Amino acid sequence: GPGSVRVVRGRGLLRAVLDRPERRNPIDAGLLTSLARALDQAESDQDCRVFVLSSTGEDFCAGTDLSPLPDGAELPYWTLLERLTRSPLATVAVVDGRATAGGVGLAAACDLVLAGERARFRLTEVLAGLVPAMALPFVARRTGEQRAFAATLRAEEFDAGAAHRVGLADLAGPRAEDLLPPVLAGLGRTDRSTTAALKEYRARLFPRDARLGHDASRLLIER
Amino acid sequence: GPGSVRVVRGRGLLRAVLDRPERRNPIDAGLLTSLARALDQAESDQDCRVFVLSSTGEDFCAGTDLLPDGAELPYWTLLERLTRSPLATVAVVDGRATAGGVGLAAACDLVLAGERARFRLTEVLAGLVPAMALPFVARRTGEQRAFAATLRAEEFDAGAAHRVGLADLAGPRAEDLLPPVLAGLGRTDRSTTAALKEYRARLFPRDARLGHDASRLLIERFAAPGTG
Amino acid sequence: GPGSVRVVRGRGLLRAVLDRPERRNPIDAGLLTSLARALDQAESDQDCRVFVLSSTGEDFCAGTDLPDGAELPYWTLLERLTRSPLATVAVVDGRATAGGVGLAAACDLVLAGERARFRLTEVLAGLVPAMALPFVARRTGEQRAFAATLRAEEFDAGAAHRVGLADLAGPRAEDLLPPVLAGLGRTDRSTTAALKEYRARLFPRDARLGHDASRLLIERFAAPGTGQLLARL
Ligand SMILES: [Cl-]
Ligand SMILES: [Cl-]
Ligand SMILES: [Cl-]
């Protein structure tokens, strides 16, 4: 039926829209492949400055679609989250629905998270006997270690205001999509060279160790 | 009475109660040994999932009434155990936590704070650096608020503690916040909680020399002339 | 002509006043040298316990108008404000722009009055504020420091207090100082210096960061795009 992701080109921007609302926009190999290709297309256009991740229906992203790992290897979900943090593009998540489990990590790995009245964020992994090890670093770099780990242990649900007050969302309002035009106007005041250097410097100051992607991937598989 | 800790066994849980309300529940070698033994008892029971630290009277814990290379003081070893235990560790704070009493709560996975909860590091007023407690406070509040609160001997009520991350939950009474927290913890298991706490240590580690360095800094400032 | 810094001595304290209000208190080689000399003077006096950085007019500090391992003077000064045995206190009752934000953020305590504004404007000129960012992020956390940089976000006193950029906020930063000094009088220079040393033990900056941060600012000023964005401003 419909492809996992619909791509829309704009002025200096590429939008990837999660486009399976009837399945609650879950993460399958197809979604991860399509989002990577979309970021590749955006990065391959030297005039592109911004990558916008948005969605459809009641669910922004519901996490793994349930319908051995070599020493040193990492799973594709980890790789995609690291790319959203390391892209020369400004990455912007427009959250106007429920982000559940791996869907939280997907939003959190973006440079800016915009949350509307329908936004909800909840890591449900401990209820399935899992540690959300791949998502956690991307949440903890926003919320700090205590709120990320306590929210995991409690499967805490954040609405838009709660997400904004803990740093999981950068901006909050009635509708995330209506927050986007002023964000794009502001990003148009800088350039891709500058945004790239800024995100590379964030990795210099707040690095993730070389073994973490493997260790996080292995912990998710081991359980 | 003289017994620093009373142990209450429960359904999938062990409670350690600081049980010297008239002495204001001070930290002495006896309290630290009794808490370590209670955590040993809880961990040895394979059906135990939760360790609850609670107290009595106006004071949750008033702290202490005022080294070989590589060695760590028992206070350091106990706080590190509360962060690394396979049990979910829960502090129920319905009174004043002062000096080392702050670190004892802060080292727990979840801090519940009631209307009478207060948190204050008073060490700089005695010429001390609270070096052993600070890593467990900063892992909750972040570095700036931990260090600024230490320099200013800042007092936090339950609301202020909740806003800065020192408390995870706040309400009229910390003990009344416990039943829903335990119901929530029942949806996971000890295997998962242990793995989550081990991953927190993987992602946000304390280096292997820190317990010794922190222990030394407290001992060396008891000795400083300005301190007495 | 005009001295960038006016020094005022008090009991237990030395106050460095940025004293060029009609120039908006800009960062130049002279300001950085003068502040380093003031800090030397303050540290040399064994009865000095507090170094107070305060300013004049509408701007606290408007900001600015490599051999291997070398650090720029701005980096050296910010690091000194974090390593000084003195309690370092920024009194912000005006606009802190660009490098001005890092100068406040490197103090142990930031006091913000109603007129305080903090804004990293560097990305609008094609720059990364690499030397100030570690001193901002050690207060706000990485996400708010980097997002505020990407958006050139302006913080008022309330916003700065909520995110940890300011430790204290009130009507006037200058009037939050006497209660802060009364509190600091309950401890001593020995204890303050040991606490700041322990912050460096718990939350260190690696040995190459100052050089890497200094180099990134020099690289960005040389980017072809930088002159065109300055032209835009
Ligand atoms: Cl995960
Ligand atoms: Cl201590
Ligand atoms: Cl800078």
# chains A, B, ... in the order shown; residues from 1 in each chain; ligands from 1

call {"tool": "residues_near_ligand", "arguments": {"ligand": "ligand 2", "cutoff": "12 Å", "atoms": "only C-alpha atoms and all ligand atoms", "output": "PyMOL selection string"}}
result
(chain B and resi 27+63-64+72-77+79+98-104+106+121-124+128-137+150+211+213-219+221-222) or (chain C and resi 195+198)

call {"tool": "write_last_selection", "arguments": {"atoms": "N, CA and C atoms", "output": "short mmCIF file (atom, residue, chain, number, x, y, z; two decimals), in the first residue's frame"}}
result
data_model
loop_
_atom_site.label_atom_id
_atom_site.label_comp_id
_atom_site.auth_asym_id
_atom_site.auth_seq_id
_atom_site.Cartn_x
_atom_site.Cartn_y
_atom_site.Cartn_z
N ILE B 27 23.94 10.02 61.00
CA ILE B 27 24.83 9.03 60.33
C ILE B 27 25.97 8.73 61.29
N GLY B 63 22.63 13.79 59.11
CA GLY B 63 24.04 13.64 58.73
C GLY B 63 24.90 13.34 59.94
N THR B 64 26.21 13.52 59.84
CA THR B 64 27.17 13.13 60.91
C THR B 64 27.27 14.26 61.94
N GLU B 72 38.11 3.55 50.26
CA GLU B 72 36.86 4.36 50.25
C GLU B 72 36.20 4.26 51.62
N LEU B 73 35.61 5.35 52.10
CA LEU B 73 34.85 5.34 53.37
C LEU B 73 33.53 4.60 53.14
N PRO B 74 33.00 3.93 54.19
CA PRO B 74 31.72 3.23 54.12
C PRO B 74 30.54 4.04 53.57
N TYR B 75 30.48 5.34 53.82
CA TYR B 75 29.40 6.20 53.28
C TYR B 75 29.43 6.14 51.76
N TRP B 76 30.62 6.27 51.17
CA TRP B 76 30.79 6.23 49.70
C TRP B 76 30.29 4.87 49.19
N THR B 77 30.76 3.79 49.80
CA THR B 77 30.41 2.41 49.39
C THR B 77 28.89 2.21 49.44
N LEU B 79 26.40 4.60 49.25
CA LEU B 79 25.70 5.39 48.21
C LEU B 79 25.92 4.70 46.85
N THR B 98 19.78 16.66 56.04
CA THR B 98 20.82 17.68 56.28
C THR B 98 22.18 17.03 56.01
N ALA B 99 23.08 17.74 55.32
CA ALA B 99 24.47 17.30 55.11
C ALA B 99 24.45 15.89 54.49
N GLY B 100 25.09 14.91 55.12
CA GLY B 100 25.18 13.56 54.51
C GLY B 100 23.82 12.91 54.32
N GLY B 101 22.78 13.36 55.03
CA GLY B 101 21.41 12.85 54.84
C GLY B 101 20.89 13.15 53.45
N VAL B 102 21.33 14.24 52.84
CA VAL B 102 20.95 14.56 51.43
C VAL B 102 21.49 13.49 50.47
N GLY B 103 22.77 13.15 50.57
CA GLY B 103 23.39 12.16 49.67
C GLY B 103 22.72 10.80 49.80
N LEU B 104 22.35 10.41 51.01
CA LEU B 104 21.70 9.11 51.29
C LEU B 104 20.38 9.02 50.50
N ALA B 106 19.61 11.05 47.82
CA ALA B 106 19.93 11.33 46.41
C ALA B 106 20.46 10.07 45.67
N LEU B 121 22.66 20.98 52.04
CA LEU B 121 24.09 20.66 52.28
C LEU B 121 24.71 21.80 53.09
N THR B 122 25.03 21.55 54.36
CA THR B 122 25.54 22.60 55.29
C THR B 122 27.07 22.55 55.37
N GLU B 123 27.73 21.63 54.65
CA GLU B 123 29.17 21.34 54.83
C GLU B 123 30.02 22.61 54.72
N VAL B 124 29.76 23.52 53.77
CA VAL B 124 30.71 24.67 53.61
C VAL B 124 30.70 25.55 54.86
N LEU B 128 33.93 22.37 55.16
CA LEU B 128 34.02 21.07 54.47
C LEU B 128 33.49 21.17 53.04
N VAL B 129 33.97 20.29 52.17
CA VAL B 129 33.38 20.03 50.84
C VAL B 129 32.65 18.70 50.95
N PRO B 130 31.35 18.62 50.60
CA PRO B 130 30.59 17.37 50.70
C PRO B 130 30.92 16.48 49.50
N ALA B 131 32.16 16.02 49.44
CA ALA B 131 32.72 15.40 48.22
C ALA B 131 32.06 14.04 47.94
N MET B 132 31.66 13.30 48.98
CA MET B 132 31.09 11.97 48.76
C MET B 132 29.63 12.10 48.30
N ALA B 133 28.88 13.06 48.84
CA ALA B 133 27.49 13.23 48.45
C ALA B 133 27.36 13.88 47.07
N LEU B 134 28.28 14.77 46.71
CA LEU B 134 28.10 15.64 45.51
C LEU B 134 27.87 14.85 44.22
N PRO B 135 28.57 13.74 43.91
CA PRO B 135 28.30 13.02 42.67
C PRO B 135 26.85 12.49 42.60
N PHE B 136 26.27 12.11 43.75
CA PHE B 136 24.90 11.56 43.79
C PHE B 136 23.87 12.70 43.71
N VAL B 137 24.19 13.88 44.23
CA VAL B 137 23.33 15.08 44.05
C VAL B 137 23.45 15.57 42.60
N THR B 150 25.71 23.97 47.11
CA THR B 150 26.74 23.66 48.13
C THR B 150 27.39 24.97 48.59
N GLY B 211 35.80 7.42 44.32
CA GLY B 211 35.44 7.12 45.72
C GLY B 211 36.59 7.43 46.68
N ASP B 213 39.22 9.53 46.01
CA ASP B 213 39.49 10.98 45.95
C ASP B 213 38.46 11.74 46.81
N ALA B 214 37.19 11.36 46.73
CA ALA B 214 36.11 12.04 47.47
C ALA B 214 36.28 11.76 48.96
N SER B 215 36.58 10.50 49.34
CA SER B 215 36.78 10.08 50.74
C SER B 215 37.94 10.89 51.34
N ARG B 216 39.04 11.00 50.60
CA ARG B 216 40.26 11.74 51.02
C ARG B 216 39.92 13.21 51.27
N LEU B 217 39.16 13.81 50.37
CA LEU B 217 38.85 15.25 50.49
C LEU B 217 38.03 15.51 51.75
N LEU B 218 37.10 14.63 52.12
CA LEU B 218 36.37 14.83 53.39
C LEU B 218 37.35 14.68 54.57
N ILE B 219 38.14 13.61 54.63
CA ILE B 219 39.12 13.39 55.74
C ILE B 219 40.11 14.55 55.84
N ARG B 221 39.79 17.64 55.06
CA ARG B 221 39.25 18.94 55.53
C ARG B 221 38.77 18.87 56.98
N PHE B 222 38.49 17.71 57.54
CA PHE B 222 38.36 17.64 59.02
C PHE B 222 39.63 18.21 59.66
N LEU C 195 36.18 23.60 46.95
CA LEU C 195 34.92 23.26 46.24
C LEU C 195 35.11 23.43 44.73
N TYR C 198 37.22 20.73 43.31
CA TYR C 198 36.47 19.46 43.23
C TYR C 198 35.49 19.49 42.05
#

call {"tool": "residues_around", "arguments": {"residues": "residue 144 (chain A)", "least_positions_apart": "4", "cutoff": "10 Å", "atoms": "only C-alpha atoms", "output": "PyMOL selection string"}}
result
(chain A and resi 137-140+148-149+166-168) or (chain B and resi 139-142+165) or (chain C and resi 141-143)

call {"tool": "interface_residues", "arguments": {"of": "chain C", "to": "chain A", "cutoff": "10 Å", "atoms": "only C-alpha atoms", "output": "PyMOL selection string"}}
result
chain C and resi 122-130+133-134+137+141-153+162-163+205-206+209+212-213+216+219-220+223-226+229+232-233

call {"tool": "residues_near_ligand", "arguments": {"ligand": "ligand 1", "cutoff": "8 Å", "atoms": "only C-alpha atoms and all ligand atoms", "output": "list in words"}}
result
residues 101, 102, 105, 125, 131, 132, 133, 134, 135, 136, 216, 217 and 220 of chain A

call {"tool": "select_by_dssp", "arguments": {"residues": "region 2-221 of chain B", "states": "alpha helix (DSSP H)", "output": "PyMOL selection string"}}
result
chain B and resi 29-44+74-84+100-106+134-141+143-152+158-164+174-185+190-203+210-221

call {"tool": "interface_residues", "arguments": {"of": "chain A", "to": "chain B", "cutoff": "6 Å", "atoms": "only C-alpha atoms", "output": "list in words"}}
result
residues 126, 127, 129, 131 and 146 of chain A

call {"tool": "residues_around", "arguments": {"residues": "residue 158 (chain B)", "least_positions_apart": "6", "cutoff": "8 Å", "atoms": "only C-alpha atoms", "output": "PyMOL selection string"}}
result
chain B and resi 113-118+167+170-171

call {"tool": "write_last_selection", "arguments": {"atoms": "C-alpha atoms", "output": "tab-separated table (two decimals), in the first residue's frame"}}
result
chain	number	residue	atom	x	y	z
B	113	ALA	CA	9.26	14.16	49.05
B	114	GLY	CA	6.37	15.30	51.31
B	115	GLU	CA	5.38	18.71	52.74
B	116	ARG	CA	7.92	18.41	55.63
B	117	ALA	CA	10.83	17.38	53.30
B	118	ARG	CA	13.81	19.78	53.34
B	167	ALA	CA	13.06	14.68	44.16
B	170	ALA	CA	6.40	15.48	45.53
B	171	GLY	CA	3.12	15.59	47.43
